[PDB]
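The structure appears right after this line, and notes come after that.
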Amino acid sequence: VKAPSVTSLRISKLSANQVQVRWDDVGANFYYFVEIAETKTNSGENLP
Amino acid sequence: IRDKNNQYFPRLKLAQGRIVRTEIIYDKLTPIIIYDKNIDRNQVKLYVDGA
Amino acid sequence: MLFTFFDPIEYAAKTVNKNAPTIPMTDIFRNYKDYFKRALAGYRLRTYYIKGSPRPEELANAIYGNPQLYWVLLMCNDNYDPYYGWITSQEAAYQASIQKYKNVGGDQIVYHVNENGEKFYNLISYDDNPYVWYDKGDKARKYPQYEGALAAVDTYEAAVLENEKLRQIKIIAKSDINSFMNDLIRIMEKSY
Amino acid sequence: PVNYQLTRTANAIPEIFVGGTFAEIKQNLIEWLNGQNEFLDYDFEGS
Amino acid sequence: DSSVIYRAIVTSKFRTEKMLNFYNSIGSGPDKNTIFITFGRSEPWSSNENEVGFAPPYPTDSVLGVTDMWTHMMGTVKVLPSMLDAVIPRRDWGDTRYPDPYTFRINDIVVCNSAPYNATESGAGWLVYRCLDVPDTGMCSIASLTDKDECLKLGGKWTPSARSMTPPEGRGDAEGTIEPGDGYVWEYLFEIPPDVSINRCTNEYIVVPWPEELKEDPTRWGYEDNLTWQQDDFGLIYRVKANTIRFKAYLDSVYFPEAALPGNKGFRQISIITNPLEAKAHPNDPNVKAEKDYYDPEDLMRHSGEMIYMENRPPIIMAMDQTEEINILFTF
């Protein structure tokens, strides 16, 4: 019974040391946990 | 049909010019847009879907 | 000064950024092209100059007119684009060819030109095969077109073929232009 | 609103037209003139 | 992997029986389930309700999610078997408001005779036809192939590239062929009386009769004449491969004791429970199974019976007009 996937995931007012994320409500009683990752490694480009 | 001494009487309609297909493929971005300006926009059948 | 001739008006631009500053501007909104059209009545039979030279945009200072008028040549052909409207240097079209197709397809073959001039458009031969042409799709064949034979115009030739047909223009004959322009004003002062 | 997909916009002149404040034009031209293209070989002068 | 391997698939006919099992399961005596519809949830949730989107609290099946429900239930209605009906997807022949009006796959049931643009017989009846074959032209289904028959072997679904002129005209199987003209071989299957179609059939679905109402007359359903190698083949609910059922009730039938509350504040969540016990004063009483017609939910025992379905929806305030309709169409 997959919980409804979040929708309309946007970033707003990002700074160098601060970034904010926003997404639609998707439900009253659910919870949301997040994941953050570097991509470029020391000025490289790497595969997912 | 066939009647009496064997004969057929097709009443078929008719039009001038050639006929052409130019199938290609559909996508959600590039519009079809055929080119030659001699097209008769009255008589066309686009079916393309298998129907 | 056969353009202008009226006033700057003022261009409010208030529909965007309310309380925008008014900037006096040469007045290009009169529907000039109509004045020319109605005034021209009676001066017609302006002959066909055929051009003949990749005259830069202004031949006005050579042929009829010549106060470097740079138009009455425009209003002739009802030119929508003052740049690519007139014919261009032969190389320009070639130069224009690349930027057109540079993004996609590279150089191509636009149509195969039967003799008597029947264009085809995405019709393709098979060499080392039957000599009959096929569309660029339905690769199963089964649906041939134009059992005959013809010759493709590729791309460069087309642009040449397309812009080169753009050389004919009206003139007003270098005779009327003074008498003509003497009318063309009168209609203008008329409506105000 | 609630769902962010409802934002849209009213009648909006896109950023394509708008039009210059002057000096911002000076900025964009310099970046297009000096950069990405020439790295000046210009024969006029430093100024 | 080297082992014995067996490749098995349940047949679609299994479903329609399962559907036929849910029907007949409604009755007064024991071993016959009794279904109720419940509304309740008078109090609004949050303040973002009444806005656009925003979603409701997603309902959970736990014991906590059931307990509160019974506290908020505003009213209930008992589903009688009469107001339940079989349904199938309807494709009206030659209607332009739905895809492929003039073309048809190998076997697709298609109703004709309703609305003028299809005529066929008169005296109404809303005739229905299975379509056993198609003209052969046009590329279809898997890969390329070419011809129909070879596309019919190796699986495949062939779409005719030729519009089928005129609706099926006859009363008996394979009405095509038998004439140089085109068309393909539709197969009559039953009929829909005009009286039922104005009530029981919506424009999304056409009713197909339970193998009961076909008795106490067949004729009303235009099934009075049939090949029938068997004495009956009476139920045709299998012939159509009817996969689904449809419920209908007027909200005037549901019982709200308060009668001013559901109107002022809407019922925000609907759930259907099975086999509730009657109100017991104390656990001094024997267990009885709910009967009669209305049941103010006060008279239902808490957690009395099991609930197959919960819905949570924004307020859906209801007017008191004698027509508004429940739907709740089951896909069994």
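Chains as they are written, first to last, in the numbering used here: chain A, 880 to 927; chain B, 659 to 709; chain C, 97 to 288; chain D, 78 to 124; chain E, 415 to 746. Just so it is clear, CB atoms sit at the ideal spot from N, CA and C, and this is done for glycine as well.
*Mark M487 (chain E) as exposed unless 16 or more other C-beta atoms lie within 10 angstroms of its C-beta, in which case mark it buried.*
Residue environment: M487 (chain E) is assigned as buried (16 or more neighbouring CB atoms within 10 Å of its CB, all protein chains considered).
*State the Cα-Cα distance for the pair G906 (chain A) and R682 (chain E), rounded to the nearest angstrom.*
Taking the straight line joining both Cα atoms gives about 15 angstroms.
*Using a Cβ cut-off of 7 angstroms, pull out every chain B residue sitting near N218 (chain C), in sequence order please.*
Chain B residues near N218 (chain C): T680.
*asked:* Would you say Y684 (chain B) lies against chain C (beta-carbon separation less than 8 angstroms)?
replied: For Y684 (chain B), the answer is no, since every Cβ of chain C falls outside 8 angstroms of its Cβ.
*asked:* I want to see whether chain E comes within less than 8 angstroms of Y666 (chain B), judged by CB atoms only; does it?
replied: For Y666 (chain B), the answer is no, since every Cβ of chain E falls outside 8 angstroms of its Cβ.
*asked:* Given a cut-off of 8 angstroms on the beta-carbon distance, is the pair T534 (chain E) and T688 (chain E) in contact?
replied: Going by C-beta atoms, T534 (chain E) is not nearer than 8 angstroms to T688 (chain E).
_Given this structure, state the Cα-to-Cα distance separating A248 (chain C) from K571 (chain E), to the nearest angstrom._
Going by the C-alpha atoms only, they are around 40 angstroms apart.
*Can the beta-carbon of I502 (chain E) be found closer than 8 angstroms to that of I520 (chain E)?*
No, the Cβ-Cβ distance between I502 (chain E) and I520 (chain E) is not below 8 angstroms.
*Below-8 angstroms beta-carbon distance, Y472 (chain E) vs any chain A residue*: Interface flag for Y472 (chain E) against chain A is set, since a Cβ pair is found closer than 8 angstroms.
*Would you mind sorting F912 (chain A) into buried or exposed? The rule is 16 or more other CB atoms within 10 Å of its CB.*
By the Cβ-count criterion, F912 (chain A) is exposed, with fewer than 16 other Cβ atoms from all chains shown falling within 10 Å of its own Cβ.
_By the three-class DSSP mapping on this structure, what secondary structure does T658 (chain E) have?_
In the structure shown, the three-state DSSP call for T658 (chain E) is strand.
*At a CB-CB cut-off below 9 angstroms, which residues of chain B make contact with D231 (chain C)?*
Neighbours of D231 (chain C) on chain B, chain order: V678, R679, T680, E681 and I682.
_Any beta carbon from chain D within less than 8 angstroms of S884 (chain A)'s own beta carbon?_
Against chain D, the CB of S884 (chain A) has no partner CB under 8 angstroms away; the residue lies outside that interface.
*contact_flag[the region 552 to 571 of chain E, the region 622 to 638 of chain E] where n(CB pairs < 8 angstroms) is 3 or more*: Result no; under three Cβ-Cβ pairs closer than 8 angstroms.
*asked:* Using 8 angstroms as the threshold, is the C-beta distance between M483 (chain E) and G454 (chain E) below it?
replied: A Cβ-Cβ contact shorter than 8 angstroms links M483 (chain E) with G454 (chain E).
*Residues in the region 617 to 628 of chain E with C-beta within 7 angstroms of chain D's C-beta atoms, listed in sequence order?*
In summary, no residue of the region 617 to 628 of chain E has a CB separated from any CB of chain D by less than 7 angstroms.
*If you count every other CB in all the chains shown that lies within 10 Å of the CB of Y160 (chain C), and 16 or more means buried, which is it?*
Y160 (chain C) should be labelled buried.
*Could you name each continuous beta strand (DSSP E) segment of 3 residues or more that falls completely within the region 515 to 551 of chain E, going from the start of the chain to the end?*
List check, beta strand (DSSP E) in window: nothing returned.
*Name the chain D residues that come within less than 7 angstroms of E712 (chain E), Cβ to Cβ?*
Result: empty, since nearest Cβ-Cβ is about 36 angstroms, beyond 7 angstroms.
_Using beta carbons (cut-off 8 angstroms, strictly below), is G552 (chain E) in contact with chain B?_
At least one chain B Cβ lies under 8 angstroms of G552 (chain E).
*Is it true that the region 526 to 543 of chain E meets the region 124 to 132 of chain C, where meeting means three or more beta-carbon pairs spaced less than 8 angstroms apart?*
At 8 angstroms Cβ cutoff, the stretches do not touch.
*What residues from chain D crowd round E465 (chain E), counting only those whose CB sits closer than 7 angstroms?*
What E465 (chain E) touches in chain D: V79.
*In its own chain, which residues sit with a C-beta less than 6 angstroms from the C-beta of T580 (chain E), not counting the 5 before and 5 after it?*
Contacts found: none.
*asked:* Can you tell me whether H696 (chain E) is buried or exposed? The criterion is at least 16 other CB atoms within 10 Å of its CB, across all chains shown.
replied: Exposed.
*Quick one: what's got a C-beta closer than 7 angstroms to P104 (chain C)'s C-beta in the same chain, skipping five residues either side?*
Excluding five sequence positions before and after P104 (chain C), the CB atoms of its chain that fall closer than 7 angstroms to its own CB belong to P120, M121, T122 and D123, given in chain order.
*If contact means a Cβ-Cβ distance below 7 angstroms, which residues of the region 514 to 547 of chain E contact chain B?*
Hits within the stretch, in order: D514 and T517.
*Just the Cα atoms here: how many angstroms apart are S575 (chain E) and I730 (chain E)?*
Roughly 46 angstroms between the two C-alpha positions.
*Can you name the residues of chain D whose CB is closer than 8 angstroms to the CB of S922 (chain A)?*
Near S922 (chain A) there are no residues of chain D at all, since even the closest Cβ is about 21 angstroms away, more than 8 angstroms.
_Straight-line Cα distance separating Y708 (chain E) from residue 386 (chain E)_ = In the structure displayed, chain E extends from 415 to 746; residue 386 (chain E) sits before or after that span and is not available.
*Taking Cβ-Cβ distances below 8 angstroms as the criterion, which residues of the region 449 to 463 of chain E are in contact with chain A?*
Flagged, chain order: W459, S460 and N462.
*Could you say which of C:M171, C:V112 and C:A156 lies nearest to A87 (chain D) if we only look at CA atoms?*
The shortest C-alpha separation from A87 (chain D) is found at C:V112.
_C-beta atoms of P495 (chain E) and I451 (chain E) nearer than 8 angstroms_ = Taking 8 angstroms as the Cβ cut-off, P495 (chain E) and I451 (chain E) do not qualify as a contacting pair.
*asked:* DSSP three-state label for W109 (chain D), please.
replied: For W109 (chain D), the three-state secondary structure derived from DSSP is helix.
*asked:* Here's the rule I'm using: 16 or more other beta-carbon atoms within 10 Å means buried, otherwise exposed. How should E605 (chain E) be labelled?
replied: It counts as buried.
*State the Cα-Cα distance for the pair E187 (chain C) and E154 (chain C), rounded to the nearest angstrom.*
Distance between the alpha carbons of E187 (chain C) and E154 (chain C): 18 angstroms.
*Comparing the C-beta of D234 (chain C) with each C-beta of chain B, is any distance below 8 angstroms?*
When Cβ-Cβ separations below 8 angstroms define contact, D234 (chain C) makes contact with chain B.
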